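Undergrad: For reference, the structure I am asking about is given below.
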Amino acid sequence: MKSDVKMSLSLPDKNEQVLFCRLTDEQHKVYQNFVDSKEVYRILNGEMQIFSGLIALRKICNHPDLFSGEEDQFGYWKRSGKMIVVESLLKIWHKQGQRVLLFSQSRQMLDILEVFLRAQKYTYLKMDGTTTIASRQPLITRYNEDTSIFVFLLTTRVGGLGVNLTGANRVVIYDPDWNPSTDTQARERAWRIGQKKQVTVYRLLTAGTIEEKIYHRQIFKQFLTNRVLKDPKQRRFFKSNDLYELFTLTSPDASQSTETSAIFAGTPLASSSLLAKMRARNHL
Amino acid sequence: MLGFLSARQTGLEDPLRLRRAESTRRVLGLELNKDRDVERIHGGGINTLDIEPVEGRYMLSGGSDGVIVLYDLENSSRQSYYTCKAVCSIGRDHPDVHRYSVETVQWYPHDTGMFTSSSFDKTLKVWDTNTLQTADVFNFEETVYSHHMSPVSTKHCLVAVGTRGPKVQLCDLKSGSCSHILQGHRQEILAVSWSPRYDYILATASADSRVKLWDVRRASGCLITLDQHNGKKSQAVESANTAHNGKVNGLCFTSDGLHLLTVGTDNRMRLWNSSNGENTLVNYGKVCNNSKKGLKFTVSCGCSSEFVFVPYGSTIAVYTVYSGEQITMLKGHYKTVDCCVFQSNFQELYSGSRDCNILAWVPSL
């Protein structure tokens, strides 16, 4: 790990927050209609693939215009709470003069974010799967060398592993993924060797929705990997039924705390050593 | 023999000469014991025996009724006639008794404080000999035909288990890992035996008429496949290179570990160069066996010539390993003999058979 070898190489401090972004009332109505519509009922009956319902709810939590399909054009940022928080963070960070990585698993919502950035006056650069590979290295370089480009747009899985995006200072993960490793790679890509300034990661979640359960699954898988690879003894965080049931909507009203904080509420052998080890392992 | 004593006193011959010559003479004079008896406690046939490697005093015996009896072979009485009394017993009333026949029992090498027993109840149990309680249990998806711990390993403590599955299991007695398996056989693995010479060399004999030597550290399958003809009938390896023309149901490395004795259901025993698996073409004649499970047979140690004691019907056939010459038939059992174990300290033999008897063969005079 970077615990025993840390003293040999430097590492700037990294802070990370998980913002819980309330659903907008129209977005909330669409989500509740979907979780009450007969499609999720058929999913619970097993007559239809649950996967389409998952994709649909992820689309809803990203932005209603994905699922549903002036100041009313495609992808208006005022109709999804996560885009409200992205508005606030982008404005504040631009006033601070920092540089942003904007991550999202969906390329369609990546394009929605592009259209939003064009609606604003932020200079930006995009690299995704649609860009030719032979021209991927220039864009990164142009972002890393100057400061006249503010926000760089990614999905978590484009480019080679660990493309050198060092000139960025802040990073926002617009939506969680099922794999913990792709989000860990997203945050790692900005915060690598030879990073000059403190990098902070903001994960955007919608509370009480499918996205919160995606983050819970991500933490659960990370815990499983850690238990297997570093230490078996580990404080248990989760419930079997609550972790696996992921077609409900309980948005917080701020009277009661969010599900994540409720879950994370606390924070030669001489035949006798051989026999001792056997009986020790067997009593457990 | 007075010549032997005189040569030893006068330094003409090394005492090694007298020791090994007298060991060979004692083995040749093996006969039904005149003044010795073994206590009878198994309700069924004895499938396996094991005298502890250090001090050679205590003997384990697994019966077809699932009980495991621990005998003291020392004549602690003052008479010339004694019975090998049973010290301990995993009987039918023990909470951890095997539900079916115990097929292999083996003392832990390097220490007598632990032993192991595998049964057709799909379990390899590790017993603390003092408390006589199961220190551990390894469960298998299919019945165990044989198992063996390395008699040499100061480093590893793996138990090689051969079940009716086509995979050789390696159960780590250090922190319990029974996941390791060896692929390459195709039918039940009727016998397994670690090399006494090389730490990580394991020979496995299976009903597919093949014997394979594995370096268990290795990631690339078996080292050698034994071939009767050594290449006279050569074919791309899918079904050729068979050790026998039947099921190979018994393995035994020689005392030095430089050769391997394999007995198969084609009524043949064969001797193999353990370093390249070449057949040495030692004849041995016809060795009658039809056992559908593993056949336990042992070799002599500390003698001028090495001997092999093979169950032969209701008898023990004693052969010279490197010449194949038939020494004799020990004839005292009433049913087919399942196992024979050799006490090397005094050139004694203990044979267990289906007649619920353990018979002791001692040198005469």
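Heads up, header says this was done by electron microscopy, 3.1 Å.
Backbone N, Cα and C define each Cβ position, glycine as well.
I grabbed these lines from Swiss-Prot:
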{"type": "REPEAT", "residues": "B:33-73", "note": "repeat 'WD 1'"}
{"type": "REPEAT", "residues": "B:88-129", "note": "repeat 'WD 2'"}
{"type": "REPEAT", "residues": "B:133-173", "note": "repeat 'WD 3'"}
{"type": "REPEAT", "residues": "B:177-216", "note": "repeat 'WD 4'"}
{"type": "REPEAT", "residues": "B:235-274", "note": "repeat 'WD 5'"}
{"type": "REPEAT", "residues": "B:281-321", "note": "repeat 'WD 6'"}
{"type": "REPEAT", "residues": "B:325-363", "note": "repeat 'WD 7'"}
Undergrad: For the repeat 'WD 4' (B:177-216), what are the DSSP-based totals of helix, strand and coil residues?
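TA: For that range the per-state counts are 0 helix, 19 strand, 21 coil.
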Undergrad: In the same chain, who gets a Cβ under 8 Å from the repeat 'WD 7' (B:325-363) while lying at least 6 residues past its ends?
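TA: Residues packing against the repeat 'WD 7' (B:325-363) from afar: 23, 25-34, 36-38, 40, 42-51, 56, 59, 61, 63-64, 71, 73, 84, 284-285, 291, 295-303, 307, 309-319.
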Undergrad: If you run through the repeat 'WD 6' (B:281-321) with DSSP, how many residues end up as helix, strand and coil?
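TA: For that range the per-state counts are 0 helix, 15 strand, 26 coil.
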Undergrad: Same chain only, please: residues at least 6 beyond the ends of the repeat 'WD 1' (B:33-73) with a C-beta under 8 Å from a C-beta of the stretch. Say none if there are none.
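TA: Result: 80-92, 97-107, 109-112, 115, 117, 119, 121, 127, 129, 151, 293, 296, 335, 338-341, 343-345, 350-362, 364.
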